[PDB]
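One structure is given below, encoded as structure tokens.
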Amino acid sequence: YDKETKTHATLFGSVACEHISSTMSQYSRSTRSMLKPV
Amino acid sequence: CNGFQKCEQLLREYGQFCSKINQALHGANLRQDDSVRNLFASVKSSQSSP
């Protein structure tokens with residue numbers, strides 16, 4: 001979160017670099033409208 | 001709830017339990033981090049022979 005300046009960042013734990021893509025449509029995330037790259 | 005939508009809403013009935021569990025685990029992990037940091041802050045002699 002970074003509460004002081006509200007600069008949120010998203011980290012995937014132990015996940016291969018090749019698989020994740022921006023705006024990925026291969027996952028059926030549930031009850032999570034939307035989510036918000038070295 | 002494995003992720004089935006019908007199961008997820010039956011859980012919305014219980015929503016606060018999941019929050020309590022998540023917060024407890026988050027606090028425990030933070031305390032572990034602090035403990036490690038403190039211990040190695042005392043192992044740090046600050047004077048050494050290469």
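The chains in the structure tokens are called A, B, ... from first to last as shown; in each chain the residues are counted from 1, and the ligands are counted from 1 in the order shown.
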Give me, as JSON lines, each residue of chain B that comes within 10 Å of chain A, together with its shortest interatomic pair and the distance in Å at one decimal, counting only C-alpha atoms, with rows ordered by chain and rising residue number.
{"residue": "B:3", "atom": "CA", "partner": "A:30", "partner_atom": "CA", "distance": 6.7}
{"residue": "B:4", "atom": "CA", "partner": "A:30", "partner_atom": "CA", "distance": 8.3}
{"residue": "B:5", "atom": "CA", "partner": "A:30", "partner_atom": "CA", "distance": 7.4}
{"residue": "B:8", "atom": "CA", "partner": "A:31", "partner_atom": "CA", "distance": 8.4}
{"residue": "B:9", "atom": "CA", "partner": "A:31", "partner_atom": "CA", "distance": 9.6}
Might you pull out every residue within 9 Å of segment 12-26 of chain A, with only C-alpha atoms counted and same-chain residues fewer than 5 positions away left off, and present them as number ranges by chain?
A: 34-35, 37-38
Provide the atom CA of residue 38 of chain B to atom CA of residue 24 of chain B distance in Å, to one decimal place.
21.3 Å
So how many Å separate atom CA of residue 42 of chain B and atom CA of residue 30 of chain B, to one decimal?
18.8 Å
Report the distance between atom CA of residue 32 of chain A and atom CA of residue 20 of chain B in Å, rounded to one decimal place.
19.8 Å
Would you return as a PyMOL selection string the members of chain B that DSSP assigns to alpha helix (DSSP H) on this structure's backbone?
chain B and resi 5-12+16-43
Dump of N, CA, C and O atoms for the selected residues, as a compact mmCIF listing (two decimals), in the first residue's frame:
# COMPACT_ATOMS: atom_id res chain seq x y z
N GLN B 5 -19.18 -19.35 -7.01
CA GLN B 5 -19.87 -18.08 -6.65
C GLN B 5 -20.93 -18.32 -5.57
O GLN B 5 -21.05 -17.47 -4.66
N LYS B 6 -21.67 -19.43 -5.66
CA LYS B 6 -22.72 -19.74 -4.65
C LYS B 6 -22.04 -19.94 -3.29
O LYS B 6 -22.58 -19.45 -2.28
N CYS B 7 -20.90 -20.64 -3.26
CA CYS B 7 -20.15 -20.81 -1.99
C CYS B 7 -19.64 -19.45 -1.51
O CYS B 7 -19.74 -19.19 -0.29
N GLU B 8 -19.15 -18.61 -2.42
CA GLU B 8 -18.55 -17.30 -2.03
C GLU B 8 -19.57 -16.42 -1.31
O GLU B 8 -19.16 -15.67 -0.41
N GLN B 9 -20.85 -16.49 -1.70
CA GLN B 9 -21.86 -15.64 -1.07
C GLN B 9 -22.32 -16.22 0.26
O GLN B 9 -22.51 -15.49 1.25
N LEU B 10 -22.47 -17.54 0.32
CA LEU B 10 -22.71 -18.16 1.62
C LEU B 10 -21.61 -17.78 2.60
O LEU B 10 -21.85 -17.73 3.81
N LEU B 11 -20.41 -17.52 2.10
CA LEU B 11 -19.33 -17.03 2.94
C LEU B 11 -19.49 -15.56 3.27
O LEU B 11 -19.17 -15.14 4.39
N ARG B 12 -19.95 -14.75 2.31
CA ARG B 12 -20.28 -13.36 2.61
C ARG B 12 -21.15 -13.27 3.84
O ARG B 12 -21.12 -12.27 4.57
N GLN B 16 -16.58 -11.66 8.28
CA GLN B 16 -15.61 -11.15 9.25
C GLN B 16 -14.63 -12.20 9.74
O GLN B 16 -13.53 -11.85 10.18
N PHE B 17 -14.99 -13.48 9.68
CA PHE B 17 -14.07 -14.52 10.15
C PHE B 17 -12.81 -14.57 9.30
O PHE B 17 -11.70 -14.70 9.83
N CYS B 18 -12.97 -14.47 7.99
CA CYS B 18 -11.82 -14.48 7.10
C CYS B 18 -10.92 -13.29 7.38
O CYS B 18 -9.69 -13.41 7.38
N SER B 19 -11.52 -12.12 7.62
CA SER B 19 -10.72 -10.95 7.95
C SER B 19 -9.93 -11.17 9.23
O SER B 19 -8.75 -10.81 9.31
N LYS B 20 -10.57 -11.75 10.24
CA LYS B 20 -9.85 -11.98 11.49
C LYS B 20 -8.67 -12.92 11.28
O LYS B 20 -7.57 -12.67 11.80
N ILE B 21 -8.87 -13.98 10.50
CA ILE B 21 -7.78 -14.92 10.25
C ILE B 21 -6.63 -14.23 9.52
O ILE B 21 -5.46 -14.36 9.89
N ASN B 22 -6.96 -13.48 8.47
CA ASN B 22 -5.93 -12.81 7.69
C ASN B 22 -5.14 -11.85 8.55
O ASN B 22 -3.91 -11.80 8.47
N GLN B 23 -5.83 -11.08 9.39
CA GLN B 23 -5.14 -10.10 10.22
C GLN B 23 -4.25 -10.78 11.24
O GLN B 23 -3.13 -10.31 11.51
N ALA B 24 -4.71 -11.88 11.83
CA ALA B 24 -3.88 -12.59 12.80
C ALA B 24 -2.59 -13.07 12.15
O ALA B 24 -1.49 -12.89 12.70
N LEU B 25 -2.70 -13.68 10.97
CA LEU B 25 -1.49 -14.18 10.32
C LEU B 25 -0.57 -13.03 9.92
O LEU B 25 0.66 -13.15 10.04
N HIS B 26 -1.13 -11.93 9.44
CA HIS B 26 -0.30 -10.79 9.07
C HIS B 26 0.47 -10.26 10.27
O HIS B 26 1.67 -9.96 10.17
N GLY B 27 -0.19 -10.15 11.42
CA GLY B 27 0.50 -9.69 12.61
C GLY B 27 1.60 -10.64 13.04
O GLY B 27 2.69 -10.20 13.42
N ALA B 28 1.34 -11.94 12.99
CA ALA B 28 2.37 -12.89 13.39
C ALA B 28 3.59 -12.79 12.49
O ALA B 28 4.73 -12.82 12.97
N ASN B 29 3.37 -12.65 11.18
CA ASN B 29 4.51 -12.52 10.27
C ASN B 29 5.29 -11.24 10.53
O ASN B 29 6.53 -11.24 10.48
N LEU B 30 4.60 -10.14 10.81
CA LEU B 30 5.31 -8.91 11.13
C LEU B 30 6.17 -9.08 12.38
O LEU B 30 7.31 -8.60 12.43
N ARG B 31 5.63 -9.74 13.40
CA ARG B 31 6.41 -9.95 14.61
C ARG B 31 7.63 -10.82 14.34
O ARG B 31 8.71 -10.58 14.91
N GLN B 32 7.49 -11.82 13.49
CA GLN B 32 8.66 -12.62 13.12
C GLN B 32 9.73 -11.76 12.46
O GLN B 32 10.92 -11.90 12.76
N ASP B 33 9.31 -10.88 11.56
CA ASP B 33 10.28 -10.01 10.91
C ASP B 33 11.00 -9.14 11.92
O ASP B 33 12.23 -8.99 11.87
N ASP B 34 10.26 -8.57 12.87
CA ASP B 34 10.88 -7.72 13.87
C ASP B 34 11.85 -8.50 14.73
O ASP B 34 12.92 -8.00 15.10
N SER B 35 11.49 -9.73 15.08
CA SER B 35 12.38 -10.55 15.90
C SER B 35 13.69 -10.83 15.19
O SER B 35 14.77 -10.72 15.78
N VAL B 36 13.62 -11.20 13.91
CA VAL B 36 14.84 -11.46 13.15
C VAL B 36 15.69 -10.20 13.08
O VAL B 36 16.91 -10.24 13.28
N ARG B 37 15.05 -9.07 12.81
CA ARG B 37 15.78 -7.82 12.69
C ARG B 37 16.50 -7.48 13.98
O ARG B 37 17.67 -7.10 13.98
N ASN B 38 15.81 -7.63 15.11
CA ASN B 38 16.42 -7.33 16.40
C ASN B 38 17.59 -8.25 16.71
O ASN B 38 18.66 -7.81 17.16
N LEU B 39 17.41 -9.55 16.46
CA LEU B 39 18.48 -10.49 16.76
C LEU B 39 19.73 -10.17 15.96
O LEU B 39 20.83 -10.10 16.51
N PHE B 40 19.57 -9.94 14.66
CA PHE B 40 20.76 -9.63 13.90
C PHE B 40 21.27 -8.23 14.14
O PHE B 40 22.43 -7.95 13.83
N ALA B 41 20.46 -7.34 14.71
CA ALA B 41 21.00 -6.07 15.15
C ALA B 41 21.91 -6.23 16.35
O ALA B 41 22.80 -5.42 16.55
N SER B 42 21.70 -7.28 17.14
CA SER B 42 22.62 -7.52 18.25
C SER B 42 23.80 -8.42 17.89
O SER B 42 24.83 -8.34 18.56
N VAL B 43 23.67 -9.27 16.88
CA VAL B 43 24.83 -10.01 16.38
C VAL B 43 25.83 -9.08 15.70
O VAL B 43 27.02 -9.40 15.60
